[PDB]
Each structure stands twice: as C-alpha cells, then as structure tokens.
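Note sheet for the following structure.
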Amino acid sequence: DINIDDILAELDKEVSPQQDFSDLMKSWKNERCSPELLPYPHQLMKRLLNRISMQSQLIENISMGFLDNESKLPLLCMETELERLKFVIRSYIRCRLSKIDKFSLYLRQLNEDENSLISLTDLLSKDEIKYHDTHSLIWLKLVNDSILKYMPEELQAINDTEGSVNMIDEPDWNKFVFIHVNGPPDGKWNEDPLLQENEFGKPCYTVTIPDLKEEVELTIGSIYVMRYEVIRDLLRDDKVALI
Amino acid sequence: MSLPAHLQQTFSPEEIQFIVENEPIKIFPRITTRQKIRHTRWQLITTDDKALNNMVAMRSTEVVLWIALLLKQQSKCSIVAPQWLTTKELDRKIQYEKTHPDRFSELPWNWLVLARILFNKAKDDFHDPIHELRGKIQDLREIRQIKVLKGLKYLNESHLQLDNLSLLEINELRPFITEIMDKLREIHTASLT
Amino acid sequence: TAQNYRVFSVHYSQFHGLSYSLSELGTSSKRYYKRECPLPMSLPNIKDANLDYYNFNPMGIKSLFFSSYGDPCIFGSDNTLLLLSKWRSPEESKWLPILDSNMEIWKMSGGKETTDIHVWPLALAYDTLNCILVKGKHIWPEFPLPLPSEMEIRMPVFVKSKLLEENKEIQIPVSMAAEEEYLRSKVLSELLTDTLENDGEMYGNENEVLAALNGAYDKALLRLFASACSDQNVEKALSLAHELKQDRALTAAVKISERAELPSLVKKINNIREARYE
C-alpha cells in the first residue's frame, strides 16, 4: 500500500488572551501544589494585568450605551469572566505570599549569598520584593525587642544555622507530589532527548531517585505520586504538570 | 498566613469545580446571535469569543462550561451530555472495571465533577433516564473506591502509579497518600549513613 | 411546506401516482418551478408498531422541509432523506439520497441489526440532519421532547457485506471512506455554488465554507489516486487526476506518481498543468 499522509500534510498546511489564561491556570496549579517558591511569570502577569484594566474599562464604556438590540447577556459574561479571572490571580498571589512568609530566612539567605545561582529579583514580583523586605523588618522588630533583647550576644541571631537546630526553614525538597506526565509541550515528540520508547511501545522519561539508587519510567499520559526533587527539571521544562 | 490552612497544600472541592468549568462543552443554543448579511457582542478575554457571536438556535456549538451553565440558568441553552454519559458507555466502563482488578478504566479526569454539575443544572437534557445514569455513576464510584483501598496497601518510599484516577478522586486522597509517604520517606532516609 | 416565498407540495391519487410541485409565489414575480412532476420516493409495504402510524399517515412522509439554504427535502417511509438538487433550472434537476438513515444507525450501533431505534427528522441545516433519535417500540417521540440530535449526511456507498467481513465502533475501509467524502463534497459544493450564484450569501462564512469544501474534495481524490497507484492502474489514476480542481493539488498527484514509480502518469499530469493554465 502506498502511504501518502506526508504528501497530504504538505498539501494541508496551506501569545493570545485564550493562551495566557491557560498559562495562568498552569502556574496557579503548580504553585498551589509545589513545596518550592516557583519563579514568577513576569511577562505573563504584566499582560494579564493590562487585559484586566482594559477589559474593566470596556465593561464600563459599554454600560454608557445602555443610557440611550440592547441585550444584556454579553455584559453579564464580560463581568463574570473578570470575576473568574481576578479570582485566579488573587488566589495565585495570596498563595505565593504565603510561601514568602514560610521561607523569609531562606530567601534572605539566597540574597545575602552573593555567589548564589538565583537572584531574588528573578524569583519574586516587585510587590513580593516589597512584601518580603518589609514583613521581615516588622517581624524582626517584634521578636528582637520582645525576646531577643534579653539573650546573650551569640544567641541574638534569628537565623543561626550553626546551633543545635537550624533556624532557617528550607523547602521540603523531597515532598511527595502528584504529577500528570504531559509529554513535551510541543506535540513534536521527536525533538526530545530525555524521552524514549518502551516495551508495549509507549514513550516515557526515565529519572533516577538517588537515595534508593532506583530508575523509574514516567510513561506519557499517566499519573504518579513522586518526590519533587526528582521532578523539578521536568516541571521547569513543562514536561509534567502537578495535579 | 495569607492563605488559609485548609488550602495550604491542596485544592478545595469548589476549586476543583472551578477548574472543570474551564473545559469546552457542546450545547444547543436557544438564541440566534448570528447577524445576517442582508447589537451587543461577547468580547471575552479568557476563551474563544468567535463561538458565541455565531450561535444559531438548535445548531450545536461548543462553549466553555461556565458559559453553558450561565445560559442554561435562563431557558437560553441546553447542554449536550458527552458520549461517556450514556448508559451504554457507562456500562462498558463498569464491565472494564470488574474485568481488570489491576487498573482503573479510561474515564476522563473530570467525570465525577461533570456528572454532579450536569445532574443538578441540566437534569432535563439527558437522552437516557437520569435515575439510571445516577445509578451507574454510583456503581463506578464504588468500584473505584475498592481499587483505591487495594492500592493503599502499597504506600512506598519511592513512588506510586495511579493511571486513570479522577481529579476529584486524587483530591480526596492527596492529604493522606502524600502525608504517609512523606513519613515513610523520613523514616527511611533517617536510616541511611 | 413553505419557506419564505417558496412552496413545495406533494400530490397523490390512485389515478395520477405520486408527484410534486415547487413554487415561489413572492410579493412580485410569482413562479412555479415544477408542476406535478413525478416524485421518486417509496410508499410503505402495506405489527401495530407500524400500523398505528400508517393508519395516521398512509403515505409515510415523516417530514417535508426545505433545508436552511432553501433546497427541498423529503423523508419517506424508506427512512431515506432525499434532497432536490439544481431545481432553480428544471432541465437539470435530480433527487439525491443524502442519508440512508437505517444504514447510518446500523453503523453507529456497531453492526447489530437494530430495531429499537428510529430517526424522526426536524430540519436539514447545511451538512446535518437535526432529528430526534426515538428509542422504544413506537416510531414517534413523547411530550417532554428530547433534544434534537444531529446526524451528519452520508451518501449511500456503504456496502454492508464488505463492512461485515472487515469487522466480523465500525471501521470503514479507507477506499470506501474516500469514495463517500468525494461524493458528499461534490454534491454539497454544487448546492452552495448554486445558492451563492442565485440567492447570494446570508452569512459571510459561505464563501469560506465553499473554499474549505473544495479542499476536502481534492484530498479525497488524492486518497483514491493512491489506491489506483497501489494497484498500478495507470489509466484509472489518470482519470482521477483529471477531475481534480486546484492546480496546487495536482502537484500532489505527480508527487504520488513518483512515489509509486509510475512515470507515464508524471508526463500525462504535466500536460494537464499547461492545458488548465491556458
């Protein structure tokens, strides 16, 4: 049989608001579910905060025409869509503000560490850099006055890593998370160097979990309970999403 | 903190509903919004506007589920249940479930969530009698709950695989499976030199 | 039946047989397109599941309607939807059987000879019969009217015996599937073309539908040309290439003939390019 389909595909070949919302939903789901503070979607967030400002002005402008068919369902939908969209962004920001609270001394440690692999301004919004730096002084003043004032000088450090317990609470890198194995974000599987076939045909990624010296194959389109430290590189590269 | 404690590592069932309401669903419009060649318009920013400004009464179309429910709240729509919400396709999935103890059947990730939404909001739009659909959604819910209880005998230091488990079935188990596998990992890594 | 100024009537008597008339009465320029022409539609083969219906409707016309584009349709006792083609010019008119809905039900129920299911037609929007699929021992629907289902129209080129041997969900042989898509596209492109030329568009989309519909015709013919090359019937292949519309799609025919190593077809196709360019 002569298989034509590549000739038919070459004959056949003759950023958007709908896409950015789908990246906000990915970001919100991964941020809720991950133990780490993920890096902020800088350009995505600037785009969405424009569209909310322009759309909220448009809904008010259309409501000026109603003073003078004149069906109201599209006004109702444009309004309920802004409530649905503003909720995802509020729930997203309130979630990552909660992680800046937990990780203040760890983020301060990445910022005092001049040799760091990460700059804090890669990781945080301008309003999160504001929240972080000032919530740290507000809390530090509270404890520093209220109880640290009385301590001997070598115990006055709020962030002593040398003591009997480390005071800097780091993320739980090995948290178990549920993942759904997307495959590459492009449908074009042949690009990917990590991906490979199996027996039963089906493709997968292989990852080694180093404490146990165990390889595991993450077959595409299936759900695993898996340690986050093993997933990070696949999650940053969009190969998997957190359920 | 900024985020309530009951949300700190998981989704509320109302957030799992909100995620499912972002999916496309097929509808039969009861309004013609399509203007003839021979007016207000939708102008949305998170979903495809071009599907709604082109409605014609009783020709099917796809819209995002939260708009289908908002139209169906007036008489202005009817919601076409997916093919898997048929008494034939549910009964093939129940047979698959009974036949393969080792696996969950290939139901879509949102099947419990979408069944619960449409049985409450679109109760009149099923071709099959809704009391037999509710009956088979429960038959599927119960078989998968046995297979989950069998799966939890294997909580592990390394991983699990849970191939066709729904988002709502993952979301009830999340704060148990992950909390126990976290203590099995802490007890294990503590033993290492 | 009527739709706007068009009227379509079916006539019957022992002394005349079945016939139809089609009219366009208008606020001015009244015309009768056809008066009492014979109608090629089957009357029933004259238990109470049928007889309680045929006592009520002896002709077995389940519905009579115009399509949304104003071409007459009739759905008879034989469950076949017939659409009248090219009627605006009477010397070129024909009835097209565009659904054999008994076959289209057997196909979707996985090849069971299926008695508990009946179609009840409402309208032909372009390309798709709105209808109730009724279930049970009565042919007709009940008071909480179920949603109109949609059946996509299919030309009756499905040989049930070939479908039986290749299935023993139904899979359709890709030659049979290409033969239907080529025929279905050829009839629909002629209905649109005549509407757009005689009435004009009512939605701006119709010219972009027609462009997309020609695209599905040429892709169906190239999928038949591949079978003709696989069976090395160079003559059948050249006939399939000659009916092909887009000059840009005829490039795919020469590519397929090289892939098949049939160099006679290569030269012959090059003659078609120049002839159609001129």
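Identifiers in this document derive from the order of the structure tokens: chains are assigned A, B, ..., residues are numbered from 1 separately in each chain, and ligands are numbered from 1 in order of occurrence.
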
With only C-alpha atoms considered, list every residue of chain C at most 7 Å from chain A, as a list in words.
residues 226, 230, 249, 252 and 260 of chain C

Written file, previous selection with C-alpha atoms, as an mmCIF file, in the first residue's frame:
```
data_model
loop_
_atom_site.group_PDB
_atom_site.id
_atom_site.type_symbol
_atom_site.label_atom_id
_atom_site.label_comp_id
_atom_site.auth_asym_id
_atom_site.auth_seq_id
_atom_site.Cartn_x
_atom_site.Cartn_y
_atom_site.Cartn_z
ATOM 1 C CA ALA C 226 -3.107 6.380 -4.107
ATOM 2 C CA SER C 230 -1.050 0.810 -5.407
ATOM 3 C CA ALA C 249 -3.416 19.978 -5.522
ATOM 4 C CA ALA C 252 0.429 16.175 -5.093
ATOM 5 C CA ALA C 260 4.594 4.922 -6.806
#
```

Expected answer as number ranges by chain: chain B residues within 7 Å of chain A, only C-alpha atoms
B: 1-3, 9-10, 39-48, 159-163, 178, 181-182

Exercise. Name the residues of chain B that fall into alpha helix (DSSP H) according to DSSP on the backbone, using the chain letters and numbers of this document, as a PyMOL selection string.
Key: chain B and resi 13-20+65-73+87-99+111-121+130-151+167-191

Please provide as number ranges by chain all residues within 8 Å of residue 154 in chain C, with the sequence filter that same-chain residues fewer than 2 positions apart are discarded (counting only C-alpha atoms). C: 98-100, 104, 152, 156, 180, 184

Using only C-alpha atoms, find the residues of chain B whose closest atom to chain C is at most 7 Å away, then write them as a list in words.
residues 36, 37, 38, 125 and 127 of chain B

For the selection just defined, write its residues with C-alpha atoms to a file, as a CSV table (one decimal), in the first residue's frame.
```
chain,number,residue,atom,x,y,z
B,36,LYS,CA,-27.3,38.1,8.7
B,37,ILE,CA,-25.7,39.8,5.7
B,38,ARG,CA,-28.9,41.1,4.1
B,125,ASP,CA,-31.1,17.2,28.8
B,127,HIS,CA,-31.4,11.1,26.3
```
